[PDB]
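Below you'll find the structure, written out as structure tokens, and then a few comments.
In what follows, chains carry the letters A, B, and so on, assigned in the order in which the sequence lines appear, proteins first and then strands, with residues in each chain numbered from 1.
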Amino acid sequence: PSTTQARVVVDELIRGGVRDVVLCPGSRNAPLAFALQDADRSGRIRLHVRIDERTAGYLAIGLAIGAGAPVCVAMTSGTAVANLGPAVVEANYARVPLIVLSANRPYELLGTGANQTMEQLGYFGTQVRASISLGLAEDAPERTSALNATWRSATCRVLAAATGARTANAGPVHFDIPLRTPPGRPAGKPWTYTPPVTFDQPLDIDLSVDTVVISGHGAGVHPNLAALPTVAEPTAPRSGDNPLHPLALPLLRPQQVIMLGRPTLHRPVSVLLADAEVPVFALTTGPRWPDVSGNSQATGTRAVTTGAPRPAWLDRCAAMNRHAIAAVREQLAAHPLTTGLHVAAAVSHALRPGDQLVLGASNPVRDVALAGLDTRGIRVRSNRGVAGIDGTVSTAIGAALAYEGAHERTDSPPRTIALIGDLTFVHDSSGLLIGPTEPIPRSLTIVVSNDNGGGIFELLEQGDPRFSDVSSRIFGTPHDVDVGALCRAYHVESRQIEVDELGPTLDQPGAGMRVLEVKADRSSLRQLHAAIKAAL
Amino acid sequence: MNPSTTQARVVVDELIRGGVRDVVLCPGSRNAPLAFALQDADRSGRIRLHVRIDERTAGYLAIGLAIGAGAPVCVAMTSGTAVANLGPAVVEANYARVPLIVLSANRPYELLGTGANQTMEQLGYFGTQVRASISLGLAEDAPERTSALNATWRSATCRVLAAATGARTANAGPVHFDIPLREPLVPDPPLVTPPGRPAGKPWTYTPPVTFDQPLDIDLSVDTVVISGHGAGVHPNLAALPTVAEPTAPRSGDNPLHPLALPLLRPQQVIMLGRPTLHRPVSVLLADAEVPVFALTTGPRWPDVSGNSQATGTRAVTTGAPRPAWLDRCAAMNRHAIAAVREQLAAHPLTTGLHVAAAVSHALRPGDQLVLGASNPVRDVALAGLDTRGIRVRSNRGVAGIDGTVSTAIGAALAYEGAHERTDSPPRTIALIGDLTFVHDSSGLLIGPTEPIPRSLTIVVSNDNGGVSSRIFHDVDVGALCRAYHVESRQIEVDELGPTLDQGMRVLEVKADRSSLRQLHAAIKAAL
Amino acid sequence: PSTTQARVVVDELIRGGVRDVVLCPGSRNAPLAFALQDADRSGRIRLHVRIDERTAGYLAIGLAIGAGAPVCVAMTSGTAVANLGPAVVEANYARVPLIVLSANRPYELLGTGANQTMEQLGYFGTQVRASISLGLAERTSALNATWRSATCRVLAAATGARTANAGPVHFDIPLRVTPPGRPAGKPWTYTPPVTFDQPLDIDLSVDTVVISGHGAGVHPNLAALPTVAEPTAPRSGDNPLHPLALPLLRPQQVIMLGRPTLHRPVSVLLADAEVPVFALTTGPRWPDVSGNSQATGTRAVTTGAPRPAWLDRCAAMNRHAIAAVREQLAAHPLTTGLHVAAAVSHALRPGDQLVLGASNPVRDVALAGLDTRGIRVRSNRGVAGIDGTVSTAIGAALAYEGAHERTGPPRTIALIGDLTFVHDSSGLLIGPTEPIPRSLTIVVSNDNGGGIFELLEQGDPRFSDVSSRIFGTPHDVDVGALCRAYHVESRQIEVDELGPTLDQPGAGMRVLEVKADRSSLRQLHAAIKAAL
Ligand SMILES: Cc1ncc(C[n+]2csc(CCOP(=O)(O)OP(=O)(O)O)c2C)c(N)n1
Ligand SMILES: Cc1ncc(C[n+]2csc(CCOP(=O)(O)OP(=O)(O)O)c2C)c(N)n1
Ligand SMILES: O=C(O)c1cc(O)c2ccccc2c1O
Ligand SMILES: O=C(O)c1cc(O)c2ccccc2c1O
Ligand SMILES: O=C(O)c1cc(O)c2ccccc2c1O
Ligand SMILES: [Mg+2]
Ligand SMILES: [Mg+2]
């Protein structure tokens with residue numbers, strides 16, 4: 001009955017490329033729970049069990065962005081929708097193939113004097129690419145074949161919407177399997193096959209006009225833009241090797257901007273993208289496109305270029321790039337205290353091709369860009385879809401698990417190194433709790449630049465000295481957490497170290513999961529950035 | 001100029017730059033800034049304004065102006081139930097992939113919850129039916145912010161346009177564009193609108209996109225093509241026998257009658273678009289014995305009742321159909337349509353099928369045909385209409401009866417406008433059942449100030465009919481036509497063809513429902 | 001088993017007071033269709049079938065406000081949700097107990113590449129008081145209890161039985177000798193009279209005016225006060241204040257009853273920060289204009305009494321406003337909607353049901369000074385649409401006549417504009433199988449366009465060149481031929497004889513058309529103000 005339907009869906013889901021599913025024990029039995037257990041023992045799919053439904057959703061995001069696979073999470077309780085909300089919104093904005101699995105009871109009253117099987121909020125209506133319900137399995141062995149095809153093709157429709165197999169717009173899907181082995185295609189092929197879909201929108205750009213590339217989250221690779229000065233966010237794949245340090249951009253006067261993906265960092269980027277005297281061309285990989293103050297002049301997916309940049313423009317930007325990273329390095333050297341920017345510069349020098357970098361929001365993701373990281377050869381992950389400081393520990397854990405599993409399918413597994421701030425760490429500290437029955441990454445290291453509060457607020461307008469009396473409680477928000485004791489409580493190896501130890505410590509493989517705490521200072525963060533501006 | 005006027009003129013100016021050539025408008029006080037702006041563009045000849053009274057049928061008018069020429073069409077109305085009345089047209093525009101922009105005026109959102117007159121939860125009313133629901137935001141009284149506001153208003157408008165036309169998604173559909181407006185709502189007694197791009201370019205240019213998904217298919221396997229609503233043109237599929245719905249564009253010269261399909265044994269079928277029509281088409285699709293390849297123009301693809309091997313946008317073909325297979329389908333096609341034409345002539349009295357055959361015999365290349373989504377689209381398909389060189393429209397999105405008359409009027413008007421931008425205008429002939437005509441009879445209503453189609457003939461085949469089924473009317477079609485001042489002459493099926501050679505008129509042809517069961521059974525037995 | 005379930009649910013709806021259910025032919029069978037057919041055959045319930053789903057929704061509105069009973073309408077097609085939307089919005093805002101019946105299918109695909117059983121829009125989540133689904137059908141005595149309690153739940157939410165906020169409810173009954181209910185016809189779960197009490201201390205010595213709007217309650221302790229009552233407000237006293245007199249007075253505080261929506265002077269005062277406004281409503285919601293309402297309640301505990309001079313000043317402006325309207329209507333040659341409204345107002349006798357369309361009609365009746373005492377006045381003031389007014393009158397006539405018939409046939413007179421009439425013209429077609437009112441007269445004041453815009457800013461003569469096409473919207477519809485096409489009795493008369501025509505009974509349904517002028521509306525109203 002349901003059991004055959006259950007095994008059919010899981011089989012099709014595996015054929016569709018799902019390799020990881022995330023579960024939490026709930027009052028109701030999970031949708032497909034027994035079928036997933038069977039598949040997990042046989043080695044066809046990998047289960048991850050958590051108690052915290054919120055960190056479990058972010059765990060599923062990590063398992064998806066770690067290697068690009070669609071990931072399932074099976075809701076189990078009345079609080080699951082509420083707890084999965086944040087990760088679903090992130091999956092929508094960051095275009096992450098996340099399949100949320102539900103199980104409705106159609107023989108039960110709905111909307112009356114009882115808690116509902118699925119406590120429904122409003123976000124499913126606005127966040128998901130599809131909400132598909134399979135419909136009740138029926139006792140009909142005469143029609144066994146007809147239901148097999150109906151179940152499997154619908155599962156392919158779920159996967160198609162999840163991975164953007166026809167829309168070029170991956171994102172979350174709500175897959176419902178209500179509650180009261182037929183074979184798939186031969187050679188393991190999916191039931192309904194959707195080929196690679198190319199979505200193409202050419203755009204004429206004249207490269208002789210002084211041009212800068214600004215690539216952000218979700219940017220595509222563009223070989224014909226490789227030589228242009230490029231301000232690339234850390235999660236943006238780089239097409240060339242002519243980088244433009246973000247602090248150098250406000251000291252230049254570009255006449256034309258090619259904008260790749262969705263930029264979210266640096267105030268001078270916002271100022272330039274909003275400049276009515278500067279044409280801005282949005283090149284994206286999906287149907288969506290962003291704008292700053294309504295200044296995007298055209299949208300497309302690839303450039304058709306004529307002309308070539310004037311060598312004086314390239315030399316002027318190249319000299320501005322060298323000037324910018326020099327001021328950063330020089331005044332970090334002349335700065336007596338350790339700041340998060342110091343920490344980010346140390347992590348940047350320690351990484352090597354093949355690593356995976358997972359960056360928290362707030363200062364870490366900006367600090368790494370300011371330090372001049374060369375992301376070539378490195379996979380950079382960061383939840384830029386909504387830029388939350390929640391769920392980052394489990395994002396790194398899932399991203400490391402997925403990435404290490406992909407390396408396995410082909411030497412020791414590649415390094416996954418994470419740089420997050422202290423609030424970010426305390427937010428998702430329950431992500432460290434992993435039972436001995438669950439998969440744990442072999443080469444994950446989490447670097448926590450701990451300046452005992454939110455350092456990025458020392459740089460905004462509320463960090464101005466005229467607010468010094470009142471800004472500590474409501475923007476600084478110190479906590480005095482014993483990071484080492486918290487890691488001890490969760491049985492994860494942890495050490496507090498100084499900046500010079502980071503490179504050596506990271507090079508020496510430790511336990512599968514380790515937390516490297518570096519005590520940083522934000523008292524002097526504003527003065528440090530003011531000095532970096534003054535050196536420019 | 002006050003904010004509401006400035007904002008409404010900027011919005012209408014950008015919509016014209018986006019290709020809007022026709023706007024349907026419904027009266028109201030809250031939408032006065034749009035109406036004022038729209039009439040000026042009408043008087044300057046940038047658009048054609050169409051005023052209607054009934055929002056619901058006005059939406060299907062807008063649909064017709066969209067499918068007749070292929071352009072985005074706005075419908076603008078006041079706040080409250082005026083917006084709810086666009087519901088039915090939005091559902092049809094959703095499934096039919098029609099670029100219908102619902103341009104609603106609204107009270108300031110700050111009044112929602114105060115009990116203000118005619119103030120409801122507008123934003124989001126249409127839910128998932130629309131491609132997007134976009135609120136422009138209340139216009140600030142800020143003269144120094146004007147240029148900035150111009151950039152954001154225009155950019156929002158092009159987002160509305162892009163979602164509605166599928167400029168980047170390849171999935172055209174309806175879009176809700178809500179505009180909160182505040183007093184003053186009429187232009188001030190100040191005698192320049194913030195400018196858009198030079199040379200009439202759109203604020204955010206987005207070139208039409210290419211969405212490609214190639215599919216390996218082997219034509220040596222005995223194949224039949226089934227092409228439904230929204231199907232595309234496939235030259236490498238032109239030689240194969242094709243069962244094509246009336247609104248599906250023909251790719252070749254090898255037709256297959258729908259009655260002939262269930263008497264043949266195809267080994268694979270290529271499905272084009274979304275087959276909505278034939279009952280035998282669906283019975284063969286719901287068969288795991290025969291593989292199905294779905295070729296669509298956009299991201300959507302139909303539930304095949306299972307057993308769809310693959311979906312794509314185009315075929316890459318190896319091999320060629322068996323000559324024997326071609327001869328067999330071609331024989332059965334002749335046999336099926338010969339059985340229809342012979343039983344028709346043998347039937348003593350004129351039926352709905354006879355009227356449909358007479359219409360098809362009278363069409364000629366260049367004509368536009370609008371069919372009611374019930375029996376007319378089936379009857380014409382049974383008569384074997386060669387839709388090549390003909391534009392065939394029908395609201396096959398949900399196949400409702402709402403707005404069928406207005407859709408025909410909208411399609412004629414938009415079709416004629418396209419011809420006008422290049423001798424005498426082409427003909428648009430509509431075939432509507434009486435119950436459908438009775439239902440949307442108020443869709444005939446065109447105020448004396450508004451455009452009437454130049455060459456539109458609505459053919460009503462009246463058979464006085466098709467626990468709720470107990471209502472199945474004897475409603476005078478002529479009297480209805482006088483009530484909305486439309487010339488109507490009742491005729492017979494033999495005068496139809498000659499008559500159609502002769503502005504907007506209705507030709508009622510009295511038909512019989514008594515003998516179709518006998519007629520249809522006679523066709524089944526002749527196969 | 002679903003047959004038993006439907007019979008149980010239909011039976012519980014009868015016991016819950018449902019007397020009328022509206023149906024539409026659609027792609028699949030309606031929910032409860034057979035059990036509803038048996039109830040209609042046996043006379044326990046009255047079915048009304050229409051083709052137009054939108055007019056069928058408003059028919060249910062009429063059948064609900066005509067006598068206060070909960071009314072069901074059963075969706076049967078894909079476009080049903082979309083076509084029912086306008087009525088459901090009105091039912092939410094006007095607090096009308098509308099039960100929308102759905103029959104979802106749990107054994108079928110949902111959300112896939114196919115047309116859906118229900119094409120869902122976004123409004124159900126914003127408008128309805130509840131969404132209850134029964135769940136698919138040896139345990140028959142327990143299932144009977146679950147089904148009947150759930151059905152009472154639906155009824156309670158729709159009638160505001162525990163919330164005091166009646167409104168629309170979505171009731172889903174899934175599908176792939178009948179168990180009795182409580183004895184003596186009692187409902188399964190009894191919810192007794194609920195009283196939501198919220199007293200407000202108001203000093204009546206302060207110069208006070210009362211403004212009452214839609215849904216206003218009756219306050220015997222406010223009878224003596226001057227009252228600017230909207231037509232659909234039940235009057236508690238005998239001291240009216242004409243709305244045009246309001247700007248000639250200086251009230252010091254205002255008691256606002258229900259939800260007012262008419263007259264700019266009412267809005268201007270309700271927003272005056274120097275005027276305390278107390279909102280007395282019958283339900284949990286309360287209105288505000290510009291956030292000026294100082295307090296809310298359900299009733300007033302009063303201290304003091306109005307000043308004798310205040311009563312006299314209000315009464316004098318009241319007479320002056322009545323004199324201004326009556327006199328200027330006499331010195332105006334052409335006939336307008338305001339003349340037609342006055343003639344209707346004088347033809348009404350106690351026991352009548354007056355149904356007023358939006359636009360000028362419901363305003364003109366207020367300006368004509370109609371005493372609503374003894375009259376049952378209906379108007380779709382929830383959203384003030386001009387849609388669905390014909391079927392609203394028809395359903396209200398049917399429910400009102402059915403109330404009287406069960407007592408041992410009062411008149412329903414409708415006054416609507418021409419645009420309003422053309423909007424819901426499809427409501428005139430009723431099959432011979434379907435209930436038809438016996439004493440419904442629809443007066444159509446036809447000035448070939450929307451006369452209300454002649455009275456607004458867009459009616460200023462500076463827009464005379466452009467106003468007619470986009471605000472007037474003339475249509476030249478032959479109203480006579482329209483009613484003829486639907487086999488509806490209709491005559492076209494002058495206003496001189498509309499009075500007498502309404503005095504002599506006619507066919508069960510009849511349309512009286514009075515040709516009107518709107519090119520002189522702005523001058524007429526300007527003269528009324530100049531005569532004030
Ligand atoms: C879920 C969530 N809550 C609150 C915020 C607001 N916020 C943005 S950055 C930030 C400071 C983060 O502190 P930390 O992790 O210590 O980073 P650093 O101090 O290194 O900047 C906060 C609270 C957010 N982005 N996401
Ligand atoms: C469904 C709907 N659409 C549009 C409007 C806007 N509107 C308000 S009054 C009016 C004119 C009504 O015309 P008519 O029925 O002739 O009344 P008159 O003012 O001429 O008496 C319009 C179009 C509305 N209230 N409801
Ligand atoms: O390019 C992307 O990946 C991307 C992702 C998004 O979530 C967006 C949301 C709004 C607007 C533009 C977006 C966008 O361009
Ligand atoms: O190809 C099309 O045009 C088309 C359009 C649609 O609205 C569909 C809706 C559901 C399922 C398939 C669909 C489809 O194939
Ligand atoms: O009293 C009523 O009948 C009533 C009805 C409504 O629909 C309201 C909506 C918003 C705010 C107040 C409201 C109100 O006071
Ligand atoms: Mg910090
Ligand atoms: Mg009028």
Side-chain angles (χ1 to χ4, degrees), chain A residues 274-280 291-298, chain B residues 2-23 25 29-42 44-49 72 74 76 101 103 105-106 108 134-161 177-205, chain C residues 457-471:
Chain A
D275 195 317
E277 303 306 301
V278 182
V280 170
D291 74 70
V292 192
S293 305
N295 190 44
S296 288
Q297 183 184 117
Chain B
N2 60 41
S4 292
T5 299
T6 307
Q7 177 181 63
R9 291 179 177 170
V10 165
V11 167
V12 168
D13 179 69
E14 193 63 36
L15 289 161
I16 300 171
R17 295 165 179 261
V20 168
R21 295 180 162 279
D22 293 289
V23 177
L25 168 61
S29 210
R30 184 58 45 158
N31 53 328
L34 303 173
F36 274 118
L38 284 170
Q39 166 133 63
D40 283 330
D42 178 79
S44 66
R46 305 180 68 202
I47 62 166
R48 181 157 39 152
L49 185 65
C74 293
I101 295 156
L103 185 62
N106 198 354
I134 293 172
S135 157
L136 195 64
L138 190 70
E140 301 164 75
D141 189 306
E144 66 293 333
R145 272 220 202 93
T146 324
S147 147
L149 284 159
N150 174 73
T152 58
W153 292 336
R154 292 187 180 269
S155 182
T157 297
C158 309
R159 289 184 182 273
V160 164
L161 288 167
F177 193 15
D178 196 43
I179 304 194
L181 294 147
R182 191 177 41 170
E183 280 90 345
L185 300 171
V186 311
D188 283 348
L191 303 146
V192 167
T193 303
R197 299 298 186 197
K201 301 191 299 301
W203 194 259
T204 293
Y205 169 65
Chain C
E457 278 83 351
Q458 50 266 49
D460 186 291
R462 62 194 189 98
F463 306 117
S464 45
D465 275 26
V466 299
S467 186
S468 176
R469 195 189 162 174
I470 57 175
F471 293 114

[X] side chain to [Y] main-chain N or O, any donor-acceptor pair under 3.5 Å?
X	Y	value
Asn150(B)	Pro195(B)	yes
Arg17(B)	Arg197(B)	yes
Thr204(B)	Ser296(A)	yes
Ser4(B)	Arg182(B)	yes
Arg469(C)	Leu49(B)	yes
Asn106(B)	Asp178(B)	no

Minimal non-hydrogen separation, [X] against [Y], with atom names:
X	Y	answer
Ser135(B)	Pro180(B)	OG-CD, 4.2 Å
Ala35(B)	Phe471(C)	CB-CZ, 4.4 Å
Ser29(B)	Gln458(C)	OG-NE2, 2.9 Å
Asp291(A)	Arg159(B)	OD2-NH2, 2.8 Å

State, yes or no, whether a side-chain contact exists between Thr5(B) and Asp188(B) at a heavy-atom distance under 4.5 Å.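 No, side chains not in contact.
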May I ask you to test the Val186(B)-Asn2(B) pair for a side-chain heavy-atom distance under 4.5 Å?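 The answer is no; the side chains never approach within 4.5 Å.
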Straight-line distance of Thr193(B) OG1 to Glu14(B) CD, nearest 0.5 Å: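 Answer for the OG1-CD pair, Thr193(B) versus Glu14(B), is 12.5 Å.
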State which residue, out of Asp13(B), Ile179(B), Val10(B), fulfils the side-chain contact (heavy atoms from CB on, under 4.5 Å) condition with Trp153(B).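 So the option named by the test is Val10(B).
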Under the criterion side-chain contact (heavy atoms from CB on, under 4.5 Å), which of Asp141(B), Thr146(B), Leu149(B) is the partner of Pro3(B)?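 The side-chain contact (heavy atoms from CB on, under 4.5 Å) with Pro3(B) is passed solely by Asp141(B) among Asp141(B), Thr146(B), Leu149(B).
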So, are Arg46(B) and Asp40(B) salt-bridged, with charged N and O less than 4.0 Å apart?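 Between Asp40(B) and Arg46(B) there is no salt bridge, as every charged N stays at least 4.0 Å from the carboxylate O atoms.
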More than 12 heavy atoms of other residues, nucleotides or ligands under 6.0 Å from CZ of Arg145(B): is that the case?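 Check fails, neighbour count at 12 or below.
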